[PDB]
C-alpha cells in the first residue's frame, strides 16, 4: 500500500502542461481536462494531479450508477422517503429522487443505496473501472474521508471511460446519471458536474469538482482538486469555471 497513494501509470496520450497558478491563487491543487476531439489531456500541476485523495461526494456519481445498474433505483421510480431525521439543511429533510439527491448532495439517499449494494459487486466494479486504490476498507461510508482514494488525473480518466466506452452500464443509466448532474445549459454549452468537500476537525481539507462540458464542437471531461488554502468543493467549482471560461470552453 506504499504507492497506493499515487497513480504512477504513464499517459500514452498527447498532453499539454498548463500554468493556472494565477487562478488558483493561495489555494494548492491541480486541474485536469480531457478533450474527446483531440484525445488529449491538459494538466496543471501533474505531481498533485497524481496524488490520491478521498473522493468524498464526487463518489455519489458512482453510487448513482451502481444503484441504477442494480435497479435499486430506476427511471420509473428513484424516489426515497425521508427517515424523519432532522438535518441542518431543509433540502435534506424531505423525500428525494436521484436529481434532488444529487443536486443537494443528500448523504442519506446515497448511504441507503450503498447499504443495498453487496461488497463483492462494488469490488468488481472498482476493478473494472480502475477506480483509484479500490480500497473499500470497512465498507461503511468508505468514500467519505476513509479508505477509498483516487487522484485528480484518475477522476477524469475513470469518468470519461465509464461514460464513453461500451461497457456493461446501459445507455439509459448513463442518461439518467447525466440528467442528475446537469448544472448549466445555454446556447453554447451544457455543464455537468459534482462537488465534494472533506472536513477534518472543523477545517476544509479536500475540495473537488468533477464533471464534463458538451459544446457544439467538442466534449470535455475535467476535474479540479484542492489540497490546501480553502480546499472546499464550492471553491473547486469556481476555479474550474474560471479555467474553462478562459480556455474558451464556456461562452455566454
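Numbering follows the first chain given and starts at 1.
On average the C-alpha atoms of 6-14 have higher B-factors than those of the other stretch, with 6-14 and 232-240 being the two compared.
The PDB entry reports B-factors from which the mean C-alpha value can be compared for 223-231 and 53-61; the larger average falls on 223-231. Taking the PDB entry at face value, the top CA B factor among 35, 30, 195, 201 belongs to 201. Ranking 175, 166, 99, 147 by the C-alpha B-factor listed in the PDB entry places 166 at the top. Residue 117: CA B factor in the middle third of modelled residues in this chain (values from the PDB entry). In the PDB entry, residue 154 places in the lowest third of its chain by CA B-factor. When all modelled residues of the chain are sorted by CA temperature factor, residue 74 is found within the highest third. In the deposited entry, the Cα temperature factor of residue 134 sits in the middle third of values across the chain's modelled residues. In this PDB entry, residue 181 carries a Cα temperature factor that places it within the lowest third of its chain's modelled residues.
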